[PDB]
file data.cif (mmCIF, C-alpha atoms)
data_target
#
loop_
_atom_site.group_PDB
_atom_site.id
_atom_site.type_symbol
_atom_site.label_atom_id
_atom_site.label_comp_id
_atom_site.auth_asym_id
_atom_site.auth_seq_id
_atom_site.Cartn_x
_atom_site.Cartn_y
_atom_site.Cartn_z
ATOM 1 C CA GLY M 641 13.906 -30.283 4.054
ATOM 2 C CA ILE M 642 14.984 -27.820 6.737
ATOM 3 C CA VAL M 643 12.392 -27.353 9.478
ATOM 4 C CA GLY M 644 10.892 -24.048 10.681
ATOM 5 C CA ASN M 645 12.799 -20.798 10.179
ATOM 6 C CA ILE M 646 16.144 -22.537 10.726
ATOM 7 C CA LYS M 647 17.520 -21.273 7.403
ATOM 8 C CA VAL M 648 16.858 -17.641 8.358
ATOM 9 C CA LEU M 649 18.695 -18.135 11.647
ATOM 10 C CA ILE M 650 21.618 -19.914 9.945
ATOM 11 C CA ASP M 651 22.000 -17.092 7.423
ATOM 12 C CA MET M 652 21.767 -14.510 10.214
ATOM 13 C CA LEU M 653 24.427 -16.343 12.237
ATOM 14 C CA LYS M 654 26.730 -16.536 9.208
ATOM 15 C CA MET M 655 26.277 -12.950 7.977
ATOM 16 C CA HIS M 656 26.201 -11.222 11.370
ATOM 17 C CA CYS M 657 28.104 -13.361 13.871
ATOM 18 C CA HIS M 684 -8.391 -41.357 13.396
ATOM 19 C CA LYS M 685 -9.137 -37.641 13.405
ATOM 20 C CA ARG M 686 -10.325 -35.917 16.598
ATOM 21 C CA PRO M 687 -10.102 -32.153 17.155
ATOM 22 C CA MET M 688 -7.538 -30.991 19.682
ATOM 23 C CA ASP M 689 -8.495 -28.343 22.216
ATOM 24 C CA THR M 690 -7.221 -25.007 20.948
ATOM 25 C CA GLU M 691 -6.061 -23.968 24.408
ATOM 26 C CA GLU M 692 -3.895 -27.089 24.685
ATOM 27 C CA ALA M 693 -2.379 -26.494 21.247
ATOM 28 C CA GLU M 694 -1.765 -22.856 22.209
ATOM 29 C CA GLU M 695 0.084 -23.837 25.384
ATOM 30 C CA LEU M 696 2.130 -26.467 23.536
ATOM 31 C CA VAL M 697 3.212 -23.831 21.006
ATOM 32 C CA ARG M 698 3.966 -21.322 23.778
ATOM 33 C CA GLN M 699 6.066 -23.894 25.629
ATOM 34 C CA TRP M 700 8.026 -24.646 22.455
ATOM 35 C CA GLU M 701 8.550 -20.919 21.860
ATOM 36 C CA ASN M 702 9.855 -20.470 25.408
ATOM 37 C CA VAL M 703 12.168 -23.489 25.167
ATOM 38 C CA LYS M 704 13.464 -22.285 21.801
ATOM 39 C CA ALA M 705 14.142 -18.855 23.296
ATOM 40 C CA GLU M 706 16.037 -20.462 26.185
ATOM 41 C CA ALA M 707 18.097 -22.790 23.974
ATOM 42 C CA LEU M 708 19.165 -19.974 21.634
ATOM 43 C CA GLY M 709 19.332 -17.397 24.435
ATOM 44 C CA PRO M 710 22.314 -16.260 26.493
ATOM 45 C CA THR M 711 22.139 -19.283 28.825
ATOM 46 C CA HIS M 712 22.151 -21.704 25.837
ATOM 47 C CA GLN M 713 19.654 -24.246 27.210
ATOM 48 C CA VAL M 714 20.468 -26.760 24.485
ATOM 49 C CA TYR M 715 19.281 -29.755 26.538
ATOM 50 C CA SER M 716 15.751 -28.361 26.925
ATOM 51 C CA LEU M 717 14.946 -29.002 23.256
ATOM 52 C CA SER M 718 14.772 -32.745 23.911
ATOM 53 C CA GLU M 719 11.922 -31.962 26.328
ATOM 54 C CA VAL M 720 9.729 -30.533 23.544
ATOM 55 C CA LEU M 721 11.293 -31.741 20.275
ATOM 56 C CA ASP M 722 11.898 -35.062 18.574
ATOM 57 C CA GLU M 723 13.340 -36.396 15.311
ATOM 58 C CA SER M 724 14.204 -33.732 12.699
ATOM 59 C CA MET M 725 13.049 -30.800 14.831
ATOM 60 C CA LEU M 726 15.267 -31.895 17.714
ATOM 61 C CA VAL M 727 18.264 -32.691 15.503
ATOM 62 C CA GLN M 728 18.179 -29.446 13.514
ATOM 63 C CA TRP M 729 17.431 -27.104 16.423
ATOM 64 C CA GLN M 730 20.063 -28.884 18.527
ATOM 65 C CA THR M 731 22.640 -28.366 15.785
ATOM 66 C CA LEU M 732 21.721 -24.690 15.413
ATOM 67 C CA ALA M 733 21.902 -24.095 19.174
ATOM 68 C CA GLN M 734 25.302 -25.782 19.431
ATOM 69 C CA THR M 735 26.541 -23.768 16.434
ATOM 70 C CA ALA M 736 25.397 -20.496 18.008
ATOM 71 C CA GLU M 737 27.029 -21.390 21.327
ATOM 72 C CA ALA M 738 30.234 -22.325 19.479
ATOM 73 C CA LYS M 739 30.345 -18.919 17.768
ATOM 74 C CA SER M 740 29.623 -17.114 21.086
ATOM 75 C CA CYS M 741 26.484 -15.409 19.747
ATOM 76 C CA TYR M 742 22.954 -15.663 21.060
ATOM 77 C CA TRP M 743 19.385 -14.720 20.190
ATOM 78 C CA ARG M 744 16.796 -12.643 22.005
ATOM 79 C CA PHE M 745 13.329 -13.786 20.903
ATOM 80 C CA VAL M 746 10.027 -11.972 21.462
ATOM 81 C CA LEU M 747 6.774 -13.726 20.539
ATOM 82 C CA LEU M 748 4.429 -10.783 19.970
ATOM 83 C CA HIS M 749 1.390 -12.679 18.656
ATOM 84 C CA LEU M 750 0.192 -16.287 18.511
ATOM 85 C CA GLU M 751 -3.113 -17.555 17.133
ATOM 86 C CA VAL M 752 -3.847 -21.252 16.723
ATOM 87 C CA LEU M 753 -5.898 -21.675 13.555
ATOM 88 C CA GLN M 754 -6.387 -25.451 13.620
ATOM 89 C CA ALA M 755 -5.439 -28.392 15.814
ATOM 90 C CA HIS M 756 -6.195 -32.069 15.220
ATOM 91 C CA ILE M 757 -5.141 -35.486 16.515
ATOM 92 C CA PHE M 758 -5.116 -38.624 14.384
ATOM 93 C CA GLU M 759 -3.920 -42.207 14.577
ATOM 94 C CA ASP M 760 -0.304 -42.817 13.547
ATOM 95 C CA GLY M 761 0.173 -46.328 12.212
ATOM 96 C CA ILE M 762 0.522 -49.271 14.597
ATOM 97 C CA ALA M 763 1.222 -47.644 17.938
ATOM 98 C CA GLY M 764 1.156 -43.887 18.442
ATOM 99 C CA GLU M 765 -0.905 -40.761 17.914
ATOM 100 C CA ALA M 766 0.017 -37.752 15.790
ATOM 101 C CA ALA M 767 -1.148 -34.146 15.855
ATOM 102 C CA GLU M 768 -1.235 -31.224 13.436
ATOM 103 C CA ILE M 769 -1.255 -27.584 14.583
ATOM 104 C CA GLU M 770 -1.724 -24.694 12.149
ATOM 105 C CA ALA M 771 -0.775 -21.368 13.709
ATOM 106 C CA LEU M 772 -0.147 -17.702 12.958
ATOM 107 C CA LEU M 773 2.923 -16.239 14.666
ATOM 108 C CA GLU M 774 4.423 -12.771 14.940
ATOM 109 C CA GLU M 775 7.963 -12.733 16.272
ATOM 110 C CA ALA M 776 10.961 -10.452 16.576
ATOM 111 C CA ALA M 777 14.539 -11.564 17.072
ATOM 112 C CA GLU M 778 17.918 -9.976 17.777
ATOM 113 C CA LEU M 779 21.167 -11.804 17.107
ATOM 114 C CA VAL M 780 23.495 -10.560 19.833
ATOM 115 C CA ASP M 781 27.094 -10.183 18.683
ATOM 116 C CA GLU M 782 29.038 -8.487 21.489
ATOM 117 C CA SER M 783 31.890 -7.610 19.115
ATOM 118 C CA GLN M 784 29.778 -5.234 16.974
ATOM 119 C CA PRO M 785 27.916 -2.090 18.058
ATOM 120 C CA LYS M 786 24.846 -2.917 15.947
ATOM 121 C CA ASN M 787 23.117 -6.295 16.163
ATOM 122 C CA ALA M 788 21.114 -7.906 13.382
ATOM 123 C CA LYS M 789 17.353 -7.950 13.894
ATOM 124 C CA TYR M 790 14.359 -9.467 12.154
ATOM 125 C CA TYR M 791 10.610 -9.006 12.481
ATOM 126 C CA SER M 792 8.371 -11.558 10.835
ATOM 127 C CA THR M 793 4.736 -12.580 10.596
ATOM 128 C CA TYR M 794 4.285 -16.104 9.330
ATOM 129 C CA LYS M 795 1.902 -19.036 9.127
ATOM 130 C CA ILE M 796 3.387 -22.367 10.184
ATOM 131 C CA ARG M 797 2.200 -25.970 10.413
ATOM 132 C CA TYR M 798 3.538 -28.283 13.129
ATOM 133 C CA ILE M 799 3.415 -32.065 13.231
ATOM 134 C CA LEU M 800 3.622 -33.533 16.723
ATOM 135 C CA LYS M 801 3.756 -37.070 18.025
ATOM 136 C CA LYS M 802 2.415 -38.433 21.262
ATOM 137 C CA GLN M 803 5.417 -40.226 22.655
ATOM 138 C CA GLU M 804 5.752 -43.381 24.750
ATOM 139 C CA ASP M 805 5.001 -41.482 27.987
ATOM 140 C CA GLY M 806 2.106 -38.962 27.975
ATOM 141 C CA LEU M 807 3.210 -35.654 26.439
ATOM 142 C CA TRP M 808 3.470 -34.558 22.796
ATOM 143 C CA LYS M 809 6.684 -33.600 21.029
ATOM 144 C CA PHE M 810 7.175 -31.465 17.928
ATOM 145 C CA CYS M 811 8.710 -33.627 15.199
ATOM 146 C CA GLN M 812 8.458 -31.538 12.031
ATOM 147 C CA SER M 813 7.466 -27.995 11.138
ATOM 148 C CA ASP M 814 7.061 -26.104 7.874
ATOM 149 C CA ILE M 815 6.592 -22.372 7.471
ATOM 150 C CA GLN M 816 3.937 -22.030 4.791
ATOM 151 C CA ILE M 817 3.403 -18.262 4.643
ATOM 152 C CA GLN M 818 5.823 -15.422 5.382
ATOM 153 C CA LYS M 819 5.094 -11.694 5.275
ATOM 154 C CA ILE L 642 11.227 8.911 37.187
ATOM 155 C CA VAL L 643 13.327 8.737 34.010
ATOM 156 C CA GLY L 644 12.161 7.488 30.604
ATOM 157 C CA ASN L 645 9.789 4.498 30.307
ATOM 158 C CA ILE L 646 11.051 2.812 33.481
ATOM 159 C CA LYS L 647 7.514 3.101 34.891
ATOM 160 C CA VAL L 648 6.062 1.019 32.050
ATOM 161 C CA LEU L 649 8.424 -1.812 32.979
ATOM 162 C CA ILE L 650 7.652 -1.391 36.693
ATOM 163 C CA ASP L 651 3.925 -1.647 35.938
ATOM 164 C CA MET L 652 4.579 -4.661 33.712
ATOM 165 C CA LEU L 653 6.523 -6.392 36.487
ATOM 166 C CA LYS L 654 3.648 -5.731 38.893
ATOM 167 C CA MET L 655 0.890 -6.796 36.476
ATOM 168 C CA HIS L 656 2.574 -10.103 35.618
ATOM 169 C CA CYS L 657 5.013 -10.826 38.470
ATOM 170 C CA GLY L 658 3.160 -8.858 41.154
ATOM 171 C CA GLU L 659 2.154 -11.950 43.112
ATOM 172 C CA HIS L 660 5.854 -12.449 43.914
ATOM 173 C CA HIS L 684 28.212 26.668 24.363
ATOM 174 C CA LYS L 685 26.820 24.061 21.934
ATOM 175 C CA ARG L 686 28.886 21.732 19.730
ATOM 176 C CA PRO L 687 27.371 18.959 17.573
ATOM 177 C CA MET L 688 28.183 15.343 18.481
ATOM 178 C CA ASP L 689 28.972 12.715 15.844
ATOM 179 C CA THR L 690 25.797 10.884 14.828
ATOM 180 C CA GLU L 691 27.636 7.563 14.557
ATOM 181 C CA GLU L 692 29.075 7.890 18.070
ATOM 182 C CA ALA L 693 25.706 8.831 19.570
ATOM 183 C CA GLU L 694 24.042 5.935 17.727
ATOM 184 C CA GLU L 695 26.646 3.517 19.093
ATOM 185 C CA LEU L 696 26.274 4.910 22.619
ATOM 186 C CA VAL L 697 22.514 4.384 22.499
ATOM 187 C CA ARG L 698 22.993 0.884 21.052
ATOM 188 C CA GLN L 699 25.421 -0.025 23.834
ATOM 189 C CA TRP L 700 22.966 1.226 26.457
ATOM 190 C CA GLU L 701 20.121 -0.711 24.813
ATOM 191 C CA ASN L 702 22.150 -3.933 24.882
ATOM 192 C CA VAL L 703 23.245 -3.378 28.493
ATOM 193 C CA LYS L 704 19.625 -2.751 29.493
ATOM 194 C CA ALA L 705 18.487 -5.908 27.697
ATOM 195 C CA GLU L 706 21.148 -8.008 29.442
ATOM 196 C CA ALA L 707 20.544 -6.432 32.868
ATOM 197 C CA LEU L 708 16.817 -7.238 32.672
ATOM 198 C CA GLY L 709 17.421 -10.550 30.888
ATOM 199 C CA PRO L 710 17.808 -14.082 32.232
ATOM 200 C CA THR L 711 21.473 -13.628 33.203
ATOM 201 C CA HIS L 712 20.589 -10.418 35.120
ATOM 202 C CA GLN L 713 23.787 -8.510 34.335
ATOM 203 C CA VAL L 714 22.923 -5.785 36.833
ATOM 204 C CA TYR L 715 26.538 -4.707 37.444
ATOM 205 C CA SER L 716 27.016 -3.691 33.794
ATOM 206 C CA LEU L 717 24.617 -0.767 34.260
ATOM 207 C CA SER L 718 27.175 1.143 36.325
ATOM 208 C CA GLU L 719 29.477 1.004 33.294
ATOM 209 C CA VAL L 720 26.971 2.888 31.083
ATOM 210 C CA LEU L 721 24.704 4.706 33.573
ATOM 211 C CA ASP L 722 25.160 7.235 36.355
ATOM 212 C CA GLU L 723 23.086 9.197 38.887
ATOM 213 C CA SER L 724 19.273 8.879 38.621
ATOM 214 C CA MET L 725 19.250 6.584 35.589
ATOM 215 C CA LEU L 726 21.697 4.202 37.263
ATOM 216 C CA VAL L 727 19.815 4.201 40.577
ATOM 217 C CA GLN L 728 16.375 3.596 39.065
ATOM 218 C CA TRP L 729 17.421 1.020 36.453
ATOM 219 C CA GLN L 730 19.454 -0.869 39.062
ATOM 220 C CA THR L 731 16.455 -0.935 41.395
ATOM 221 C CA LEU L 732 14.197 -2.292 38.649
ATOM 222 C CA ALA L 733 16.690 -4.980 37.603
ATOM 223 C CA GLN L 734 17.358 -6.101 41.187
ATOM 224 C CA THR L 735 13.624 -6.269 41.887
ATOM 225 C CA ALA L 736 13.112 -8.372 38.758
ATOM 226 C CA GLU L 737 15.908 -10.788 39.701
ATOM 227 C CA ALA L 738 14.514 -11.043 43.236
ATOM 228 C CA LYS L 739 11.126 -12.073 41.816
ATOM 229 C CA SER L 740 12.795 -14.575 39.419
ATOM 230 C CA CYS L 741 11.275 -12.890 36.369
ATOM 231 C CA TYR L 742 13.104 -11.605 33.338
ATOM 232 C CA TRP L 743 12.648 -9.696 30.095
ATOM 233 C CA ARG L 744 13.516 -10.672 26.541
ATOM 234 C CA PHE L 745 14.228 -7.403 24.719
ATOM 235 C CA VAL L 746 14.526 -6.783 20.976
ATOM 236 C CA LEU L 747 15.583 -3.350 19.703
ATOM 237 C CA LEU L 748 13.752 -3.173 16.378
ATOM 238 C CA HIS L 749 14.661 0.385 15.377
ATOM 239 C CA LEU L 750 16.968 3.164 16.538
ATOM 240 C CA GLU L 751 17.229 6.588 14.920
ATOM 241 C CA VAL L 752 19.377 9.328 16.437
ATOM 242 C CA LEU L 753 17.665 12.647 15.722
ATOM 243 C CA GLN L 754 20.050 15.066 17.435
ATOM 244 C CA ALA L 755 23.251 14.910 19.446
ATOM 245 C CA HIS L 756 25.066 17.842 21.072
ATOM 246 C CA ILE L 757 27.888 18.525 23.581
ATOM 247 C CA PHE L 758 28.104 21.336 26.151
ATOM 248 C CA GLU L 759 31.407 21.957 27.899
ATOM 249 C CA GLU L 765 31.421 17.759 29.844
ATOM 250 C CA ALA L 766 27.738 17.122 29.084
ATOM 251 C CA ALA L 767 25.871 15.665 26.122
ATOM 252 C CA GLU L 768 22.270 15.471 24.941
ATOM 253 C CA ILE L 769 21.048 12.780 22.538
ATOM 254 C CA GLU L 770 17.503 12.807 21.143
ATOM 255 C CA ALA L 771 16.572 9.499 19.523
ATOM 256 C CA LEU L 772 13.582 7.544 18.253
ATOM 257 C CA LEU L 773 13.434 3.932 19.424
ATOM 258 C CA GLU L 774 11.136 1.026 18.611
ATOM 259 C CA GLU L 775 11.384 -1.988 20.900
ATOM 260 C CA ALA L 776 9.536 -5.177 21.800
ATOM 261 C CA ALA L 777 9.790 -7.133 25.040
ATOM 262 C CA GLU L 778 8.427 -10.283 26.670
ATOM 263 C CA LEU L 779 8.114 -10.550 30.454
ATOM 264 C CA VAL L 780 8.817 -14.193 31.371
ATOM 265 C CA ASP L 781 7.517 -15.687 34.645
ATOM 266 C CA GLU L 782 7.853 -19.406 34.432
ATOM 267 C CA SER L 783 5.192 -20.219 36.944
ATOM 268 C CA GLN L 784 2.923 -18.990 34.113
ATOM 269 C CA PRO L 785 2.456 -20.342 30.559
ATOM 270 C CA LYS L 786 1.698 -17.022 28.816
ATOM 271 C CA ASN L 787 4.185 -14.151 28.959
ATOM 272 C CA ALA L 788 3.384 -10.466 29.140
ATOM 273 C CA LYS L 789 4.123 -8.450 26.009
ATOM 274 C CA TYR L 790 5.299 -4.890 25.482
ATOM 275 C CA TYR L 791 5.751 -2.942 22.260
ATOM 276 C CA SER L 792 6.608 0.727 22.031
ATOM 277 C CA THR L 793 7.763 3.281 19.488
ATOM 278 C CA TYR L 794 8.811 6.454 21.274
ATOM 279 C CA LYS L 795 11.044 9.519 21.160
ATOM 280 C CA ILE L 796 13.425 10.051 24.082
ATOM 281 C CA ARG L 797 16.014 12.626 25.148
ATOM 282 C CA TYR L 798 19.117 11.569 27.084
ATOM 283 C CA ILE L 799 21.386 13.751 29.198
ATOM 284 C CA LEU L 800 24.874 12.274 29.628
ATOM 285 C CA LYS L 801 27.992 13.448 31.451
ATOM 286 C CA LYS L 802 31.582 12.655 30.482
ATOM 287 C CA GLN L 803 33.614 11.240 33.350
ATOM 288 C CA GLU L 804 37.260 11.425 34.380
ATOM 289 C CA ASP L 805 38.010 8.153 32.569
ATOM 290 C CA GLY L 806 36.915 9.855 29.327
ATOM 291 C CA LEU L 807 33.776 7.809 28.680
ATOM 292 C CA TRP L 808 30.192 9.031 28.562
ATOM 293 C CA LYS L 809 27.491 7.790 30.917
ATOM 294 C CA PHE L 810 23.736 8.232 30.609
ATOM 295 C CA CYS L 811 22.496 10.222 33.596
ATOM 296 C CA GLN L 812 18.864 11.164 32.869
ATOM 297 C CA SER L 813 16.162 10.590 30.267
ATOM 298 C CA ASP L 814 12.811 12.146 29.315
ATOM 299 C CA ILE L 815 10.092 10.806 27.012
ATOM 300 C CA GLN L 816 8.987 13.376 24.416
ATOM 301 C CA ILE L 817 5.578 13.954 22.787
#
call {"tool": "encode", "arguments": {"input": "data.cif", "output": "structure tokens"}}
result
Amino acid sequence: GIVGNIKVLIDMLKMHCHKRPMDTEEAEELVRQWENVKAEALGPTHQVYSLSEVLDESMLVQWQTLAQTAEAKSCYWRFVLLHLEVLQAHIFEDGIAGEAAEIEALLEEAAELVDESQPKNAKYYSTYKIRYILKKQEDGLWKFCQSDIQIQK
Amino acid sequence: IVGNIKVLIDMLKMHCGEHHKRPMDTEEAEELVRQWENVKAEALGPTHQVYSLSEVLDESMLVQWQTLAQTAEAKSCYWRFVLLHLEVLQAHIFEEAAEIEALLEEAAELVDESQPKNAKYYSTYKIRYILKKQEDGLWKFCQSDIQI
């Protein structure tokens, strides 16, 4: 049960180094903030801490591990989010205490794994449909807790 | 100006504006262009490795690219650059000088963190580079022109 596109990034690093509707603008800006934080954590500055600001539970653990692994191998990613479209966003009640959210989004992204010791870097370009589960935390803001890529082209 | 620097200048303003022929080896030309692409991505990136440009660039290319990178760092904005495709189409030497004609496809995101949404750039284009070999032996890119 590996979240997002973490398996693609691992393989690249190894080979080459109740229900309410949520406002679509708010879901869009949550996804954009996660994309920026993920670019910073895996980028040349290795902002590993920042993931705890937007991620929780499995998302945080797995992305944290991947970021630390990339920093350990002295390789980094350059990420470009070319297209984002939120297709659905909903909030629902989560058991006793908290609220949960689901965001279904279409993403187009390009990535370069930067290995300074080789002239050519590995690159990927991908269009994919992904579903995010978020949780409203003790304070006010949401955090991404799980993600599954459902479609890849 | 030299190749596609004006697109990046306009991007920085639109989104941070508030603030004796021989043939050359195709592998060597490809690796030169890849090294320049990486240096340009790091110089315009979040670490702003502006110095590194003088190691791969000279003359007009160096002056203009340095100005753009320093302006971007001054405005606390940066680019995330992905080189999606590089194809060297020709490479030639003239004795001390070289010309490399290449097709490049690249994507970039202009990041200004006082704003949630980043600016995007995507381009596939054909470019010609004029380089000069220095005393140290190594080539440096000195000028560039966009074709077609």
call {"tool": "resolve_selection", "arguments": {"input": "data.cif", "expression": "the PyMOL selection byres ((chain L) within 10 of (chain M))", "output": "ChimeraX atom specification"}}
result
/L:694-699,702,705-706,709-711,743-750,775-780,782,785-791
call {"tool": "atom_distance", "arguments": {"input": "data.cif", "atom1": "atom CA of residue 797 of chain L", "atom2": "atom CA of residue 654 of chain L"}}
result
26.1 Å
call {"tool": "atom_distance", "arguments": {"input": "data.cif", "atom1": "atom CA of residue 750 of chain M", "atom2": "atom CA of residue 697 of chain M"}}
result
8.5 Å
call {"tool": "resolve_selection", "arguments": {"input": "data.cif", "expression": "the PyMOL selection byres ((chain M and resi 651-691) around 9)", "output": "VMD selection string"}}
result
chain M and resid 646 to 650 692 to 696 735 to 736 739 to 742 752 to 760 765 767 to 769 779 to 781 783 to 784 787 to 789
call {"tool": "closest_residue", "arguments": {"input": "data.cif", "among": "M:715, M:814, M:751, M:766", "to": "residue 727 of chain M", "atoms": "all atoms listed in the file"}}
result
M:715
call {"tool": "atom_distance", "arguments": {"input": "data.cif", "atom1": "atom CA of residue 793 of chain M", "atom2": "atom CA of residue 792 of chain L"}}
result
17.6 Å
call {"tool": "residues_around", "arguments": {"input": "data.cif", "residues": "residue 646 of chain L", "least_positions_apart": "2", "cutoff": "10 Å", "atoms": "only C-alpha atoms", "output": "PyMOL selection string"}}
result
chain L and resi 642-644+648-652+725+728-729+732+813
call {"tool": "resolve_selection", "arguments": {"input": "data.cif", "expression": "the PyMOL selection byres ((chain L and resi 800) around 6)", "output": "MDAnalysis selection string"}}
result
chainID L and resid 766:767 799 801 809:811
call {"tool": "closest_residue", "arguments": {"input": "data.cif", "among": "M:732, M:772, M:807, M:817", "to": "residue 642 of chain M", "atoms": "only C-alpha atoms"}}
result
M:732
call {"tool": "build_atoms", "arguments": {"input": "data.cif", "residues": "segment 704-718 of chain L", "atoms": "N, CA, C and O atoms", "output": "mmCIF file, keeping the file's coordinate frame"}}
result
data_model
loop_
_atom_site.group_PDB
_atom_site.id
_atom_site.type_symbol
_atom_site.label_atom_id
_atom_site.label_comp_id
_atom_site.auth_asym_id
_atom_site.auth_seq_id
_atom_site.Cartn_x
_atom_site.Cartn_y
_atom_site.Cartn_z
ATOM 1 N N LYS L 704 20.928 -2.703 28.841
ATOM 2 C CA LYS L 704 19.625 -2.751 29.493
ATOM 3 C C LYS L 704 18.914 -4.067 29.213
ATOM 4 O O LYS L 704 18.230 -4.609 30.089
ATOM 5 N N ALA L 705 19.074 -4.607 28.004
ATOM 6 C CA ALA L 705 18.487 -5.908 27.697
ATOM 7 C C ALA L 705 19.144 -7.024 28.504
ATOM 8 O O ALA L 705 18.464 -7.949 28.965
ATOM 9 N N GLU L 706 20.465 -6.964 28.680
ATOM 10 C CA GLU L 706 21.148 -8.008 29.442
ATOM 11 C C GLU L 706 20.893 -7.874 30.942
ATOM 12 O O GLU L 706 20.799 -8.882 31.653
ATOM 13 N N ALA L 707 20.802 -6.641 31.446
ATOM 14 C CA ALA L 707 20.544 -6.432 32.868
ATOM 15 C C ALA L 707 19.165 -6.947 33.265
ATOM 16 O O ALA L 707 18.991 -7.492 34.363
ATOM 17 N N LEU L 708 18.167 -6.760 32.403
ATOM 18 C CA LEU L 708 16.817 -7.238 32.672
ATOM 19 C C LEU L 708 16.583 -8.652 32.159
ATOM 20 O O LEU L 708 15.513 -9.215 32.407
ATOM 21 N N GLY L 709 17.567 -9.243 31.483
ATOM 22 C CA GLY L 709 17.421 -10.550 30.888
ATOM 23 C C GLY L 709 17.630 -11.685 31.869
ATOM 24 O O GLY L 709 17.719 -11.488 33.084
ATOM 25 N N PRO L 710 17.697 -12.912 31.347
ATOM 26 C CA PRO L 710 17.808 -14.082 32.232
ATOM 27 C C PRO L 710 19.141 -14.192 32.960
ATOM 28 O O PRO L 710 19.194 -14.856 34.001
ATOM 29 N N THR L 711 20.226 -13.609 32.446
ATOM 30 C CA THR L 711 21.473 -13.628 33.203
ATOM 31 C C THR L 711 21.544 -12.519 34.247
ATOM 32 O O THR L 711 22.383 -12.595 35.153
ATOM 33 N N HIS L 712 20.691 -11.502 34.143
ATOM 34 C CA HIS L 712 20.589 -10.418 35.120
ATOM 35 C C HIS L 712 21.941 -9.744 35.357
ATOM 36 O O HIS L 712 22.463 -9.697 36.472
ATOM 37 N N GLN L 713 22.497 -9.196 34.277
ATOM 38 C CA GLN L 713 23.787 -8.510 34.335
ATOM 39 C C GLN L 713 23.572 -7.098 34.885
ATOM 40 O O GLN L 713 23.658 -6.089 34.180
ATOM 41 N N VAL L 714 23.261 -7.049 36.184
ATOM 42 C CA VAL L 714 22.923 -5.785 36.833
ATOM 43 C C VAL L 714 24.153 -4.893 36.968
ATOM 44 O O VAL L 714 24.064 -3.669 36.818
ATOM 45 N N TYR L 715 25.310 -5.484 37.282
ATOM 46 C CA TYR L 715 26.538 -4.707 37.444
ATOM 47 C C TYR L 715 26.828 -3.835 36.223
ATOM 48 O O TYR L 715 27.228 -2.671 36.362
ATOM 49 N N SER L 716 26.620 -4.380 35.019
ATOM 50 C CA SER L 716 27.016 -3.691 33.794
ATOM 51 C C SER L 716 26.396 -2.307 33.678
ATOM 52 O O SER L 716 26.953 -1.449 32.981
ATOM 53 N N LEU L 717 25.280 -2.061 34.370
ATOM 54 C CA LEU L 717 24.617 -0.767 34.260
ATOM 55 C C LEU L 717 25.516 0.357 34.757
ATOM 56 O O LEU L 717 25.556 1.442 34.159
ATOM 57 N N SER L 718 26.283 0.104 35.821
ATOM 58 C CA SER L 718 27.175 1.143 36.325
ATOM 59 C C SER L 718 28.251 1.514 35.314
ATOM 60 O O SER L 718 28.852 2.586 35.432
#
